[PDB]
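The chain below stands alone and is given as structure tokens, in the form deposited without the partner chain.
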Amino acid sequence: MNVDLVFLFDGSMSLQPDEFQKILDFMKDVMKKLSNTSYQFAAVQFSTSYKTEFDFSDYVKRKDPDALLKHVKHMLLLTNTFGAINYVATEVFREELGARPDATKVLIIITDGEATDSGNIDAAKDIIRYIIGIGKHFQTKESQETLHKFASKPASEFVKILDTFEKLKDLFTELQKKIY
């Protein structure tokens, strides 16, 4: 349907270069698949700070995932996930930046660890929120639970755990199908 979807992706120092690249490729795969639909996309990299890599209006103008992401630079700092989610809620979903009043808001968060900051994400709560937690830091039920606070309910649907960044490929294949 009419979906305004934002990727919020981790660019902290704990991600290896190849891992950060797998994230970019995942986002391109998704966008390529949903070309020529009612989907609109935006992407934000977060680390210590929050960098909008492209807004919805950027997407409407070009609709080319390669061009939209070509200058992305890995920030290699902290993992301020609380600040990042609030940033998306208030700074990215705006009509002035191409967001649509009647579109469903979706936020896809991709990270390798726990947030380095703190607070709440009240402002983003109405958004449909998936979080993809990847790698060695999420190998136990207890470590995986730390992500639930960022996601819609139930966690069994909205929190995805991958053992490696190579599994983003497999996740895309699975997601591809859910497309009606």
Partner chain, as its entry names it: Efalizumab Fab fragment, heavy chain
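Positions refer to the first chain, counted from 1.
- The stretch 168-176 shows the higher mean C-alpha B-factor when 168-176 is compared against 155-163 in the entry.
- Checked against the record, the higher mean CA B factor of 47-55 and 141-149 lies with 141-149.
- Residue 97: CA B factor lies in the highest third for its chain, per the PDB record.
- When the modelled residues of the chain are ordered by C-alpha B-factor, residue 110 sits in the lowest third.
- Remark: residue 65 belongs to the highest third of its chain, ranked by C-alpha B-factor as recorded.
- Sorting the modelled residues of the chain by their CA temperature factor places residue 103 in the highest third.
- When the modelled residues of the chain are ordered by C-alpha B-factor, residue 130 sits in the lowest third.
One more form of this protein exists, namely the form deposited with the partner chain bound; it is left out here, but the text below deals with it.
- With the partner omitted here, the residue from 148, 61, 51, 28 that has a non-hydrogen atom within 4.5 angstroms of the partner chain in the bound PDB entry is 28.
- In the bound PDB entry, residue 92 stays away from the partner chain, with no heavy atom inside 4.5 Å.
- Remark: residue 70 counts among the residues lining the partner chain in the bound PDB entry, judged by a heavy atom distance of 4.5 Å or less.
- The closest non-hydrogen atom of residue 97 lies beyond 4.5 Å of the partner chain in the bound PDB entry.
- Interface residue remark: residue 103 is not counted as part of the site for the partner chain in the bound PDB entry, having no heavy atom within 4.5 Å.
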